[PDB]
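Spelled out, the chains give:
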There are 2 protein chains.
Amino acid sequence: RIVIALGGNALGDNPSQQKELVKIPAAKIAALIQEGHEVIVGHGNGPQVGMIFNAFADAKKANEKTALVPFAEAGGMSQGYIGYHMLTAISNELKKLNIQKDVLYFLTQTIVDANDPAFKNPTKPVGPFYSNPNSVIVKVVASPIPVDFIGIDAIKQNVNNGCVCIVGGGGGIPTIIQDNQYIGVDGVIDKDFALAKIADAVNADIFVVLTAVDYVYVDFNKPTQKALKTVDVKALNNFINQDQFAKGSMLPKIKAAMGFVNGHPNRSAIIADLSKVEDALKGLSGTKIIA
Amino acid sequence: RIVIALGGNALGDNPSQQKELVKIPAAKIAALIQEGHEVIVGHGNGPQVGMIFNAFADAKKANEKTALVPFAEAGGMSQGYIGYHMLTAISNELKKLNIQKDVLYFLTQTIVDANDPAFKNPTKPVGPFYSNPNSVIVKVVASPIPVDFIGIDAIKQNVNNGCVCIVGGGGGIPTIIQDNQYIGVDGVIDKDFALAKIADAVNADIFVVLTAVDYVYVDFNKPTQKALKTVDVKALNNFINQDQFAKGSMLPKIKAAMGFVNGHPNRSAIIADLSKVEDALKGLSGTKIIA
């Protein structure tokens, strides 16, 4: 069993090329389904949700009375926009290998606690760089911690069947619970965290985080610069103490990788690149993370 | 077992109100899940997909270099935009009744044959009324016949469990098969047809088509004007011969209702309004259609 998370930057800038880019991950996903693995699939949406959200603003409101599309709704559109491209491609690749399996894309709502510190400190800048319907302009939005998901129960079961399931698109839509009632809110959820929570609920072995590096380095552009091959939480904690990692780029991926393997000798997390990910699953590339 | 299809006009004009409108259908859907029924849920997307597709055109391309969003991709966004609102609301309503069930939204790709006559006659007008990346401007787009769906196999199983499944959003994204390869194409699929094909594959009893009428009438604004209560394919065929029905508004719903009950004494199709749909399930309103 293997949960794979594909960054939003790997899906490109326009539909045109997103349709292109997505083939690569899909073919890789197909090949594992052959080696006998269960691949649960996920993806980020930084660029795609931004493109969609801008656009409703960008000019559409400018050049008319077009409606107000909060960020939640643009994440909804981002999921169906991306899920569409992935659903074809991975279905398509599986067929090249004459394999029979249902590829699914679940629209994803991610449960977060409403008292999350993150809201009280609106972190991630978003949308038009102007100086915009009433939010905390600076705009900006939080990054809540993912506690669960609307259909996990049913999702894990589809994974129990041999269904190749695509979930946690862009990390899912931030959803709080208020008086036994759901309420989508505006903001984002880090897709690595999201997919790591999912990786846990389905209880896979491996959690692979796809990213544009062969290894995560420490002391970069320094004499003691070193590439991590294997490693563990204990060390990552020190490395993190000394700010080894780009706050955002690598830190969240590291932390999310830790959250998954922590106290589970039977599971690893791999942070490798797209080209070299089959190698990566055999120590030959990327950085393995363990309890 | 009951498949319900909710028109796009019933979801409104803007997210603001779509979030409002969707509560009504959801509460109705909740109540059936209580009477012991399995409710498979579906919806159209005429207005929503248009709003999204315009917008990328409307001004966004005008007021910048924003990307080219074909209609397929705007249907992808329309599904995740709508699936989001439905997923909350119907989950929410089910909780008011303290019921425990997983509500799911499957991104939907609808298989059509590429030789479909419909393409060679681009029927349904779409997008900017100008006089637009190269399609058949007149623009316009076909309305293929739905032969199946990427995950029906897996979808019907989730329905076998007690999962309340939302599918065929906007009728699904038109997808042809070319050399064992899938290829989303531009155009639409009538959601009533789509949901009727689905109604069949899951093999429910009832297929309810929600629409803004208490009954389907014949000979409207004529002396012999009459409301249909029960009826059958044989008669509908004559009524259709004499153009009893609005080509588009009622015709497709009628035909789709026929396609489902035809040769199945154990199943009906109900064409009733939203306010009066629980009544409708008991002969008290709407028009029942039978083999």
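Residues numbered from 1 in each chain as written, not as in the entry; some residues may be left out. Chains lettered and ligands numbered in written order. Heavy atoms only, no water. Residues with missing side-chain atoms left out of burial classes, pairs and counts.

Method of determination, as given in the entry header: X-ray crystallography; reported resolution: 2.500 Å.

The PDB entry annotates chain A as CARBAMATE KINASE of Mycoplasma penetrans. The record deposited in the PDB is entitled "Structure of Carbamate Kinase from Mycoplasma penetrans". Looking at the Sequence similarities (unreviewed entry) heading of the UniProt record, one finds this comment for chain A: "Belongs to the carbamate kinase family." (UniProt positions renumbered as here; feature names shortened; annotations may be inferred.)

Residues and elements named next belong to chain B. Counting buried positions along helix α9 (residues 251–261) gives nine out of eleven residues, so the element sits mostly inside the fold. Of the residues making up α9, those classed as buried are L251, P252, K253, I254, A256, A257, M258, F260 and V261. Where α9 ends, the next residue or the one after it, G263, has phi of about 70°, a positive value. (Buried < 20%, exposed > 50% of the residue type's maximum accessible area, 1.4 Å probe, protein only. Helix = DSSP H or I, 4+ residues; strand = E, 2+ residues; numbered from the N terminus.)

Residues and elements named next belong to chain A. Spatial ordering of the open sheet is given by β7-β4-β9-β10, a layout of four strands whose pairing is mixed. Among the strands making up the open sheet, the edge pair consists of β7 (146–149) and β10 (182–184). Averaged over neighbouring strand pairs, the angle between their axes works out to 40° when direction is ignored. (Pairing = 2+ DSSP bridges. Axes fitted to C-alpha atoms, helices over the stretch in contact; angles between N-to-C directions.)

Below, the discussion takes up the packing of helix α2 (residues 23–34) of chain B against helix α4 (residues 71–96) of chain B. Residues and elements named next belong to chain B. For the pair α2 and α4, the least separation of the axes is 8 Å and the interaxial angle reads 45°. Compared by their axis directions, α2 and α4 come out oblique. With respect to the hand of their crossing, α2 and α4 are arranged in right-handed fashion. Only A89, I90, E93 and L94 of α4 make contact with α2, whose side of the interface consists of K23, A26, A27, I29, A30 and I33. (Parallel < 35°, antiparallel > 145°, perpendicular 65-115°, else oblique. Left-handed = near helix turned anticlockwise from the far one by under 90°. Contact = heavy atoms within 4.5 Å.)

With that settled, the discussion passes to the relation of the copies chain B and chain A. Rotating chain B by 180° about the axis while translating it 0.0 Å along that axis superimposes it on chain A, leaving an RMSD of 0.0 Å. With respect to symmetry, the two chain copies, as superposed, fit the operation of a two-fold axis. Among all residues of chain B, the minimum C-alpha distance to the rotation axis is found for B:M77, at 1.9 Å. Most of the interface of chain B is mirrored in chain A: 100% of its interface residues are interface residues there too. (Least-squares fit on C-alpha atoms.)

All right, on to the pattern of salt bridges then. Applying the stated criterion across every chain yields a total of 18 salt bridges over all chains. For B:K23, the salt bridge is made with B:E20, and the minimal N-O distance between the two is 2.8 Å. Overall, the relative accessible area of 35% leaves B:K23 in the partly exposed class. What makes B:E20 partly exposed here is its relative accessible area of 47%. Counted as one network, the salt bridges with shared partners bring together A:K191, A:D192 and A:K253. (Salt bridge = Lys/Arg side-chain N within 4 Å of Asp/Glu carboxyl O.)

In this section: the sheet that holds strand β10 (residues 182–184) of chain B. In space, the four strands of this open sheet follow the order β7-β4-β9-β10 (chain B), with mixed pairing throughout. Looking at the sheet topology across the chains shown, the edges are occupied by β7 (146–149) and β10 of chain B. Averaged over all pairs of adjacent strands, the angle between their axes in this sheet comes to 40°, without regard to strand direction. Bridge count for strand β4 (residues 109–112) of chain B against β7(B) is three bridges, and the pairing is antiparallel. Opposite B:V112, over in β7(B), you have B:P146 as the bridge partner. On the sheet, helix α4 (residues 71–96) of chain A packs against β4, β9 (173–177) and β10 of chain B and is oriented at approximately 165° with respect to β10(B).

Another point: the interface of chain B and chain A. Taken together, the contact between chain B and chain A spans 53 residues of the former and 53 residues of the latter. Mapped onto the side of chain B that touches chain A, the elements with two or more residues apiece are α1 (15–21), α3 (46–58), α4, β3 (103–105), α6 (152–160) and β10 of chain B. In terms of residue count, α4(B) provides more of the side of chain B that touches chain A than any other element does, 15 residues in total.

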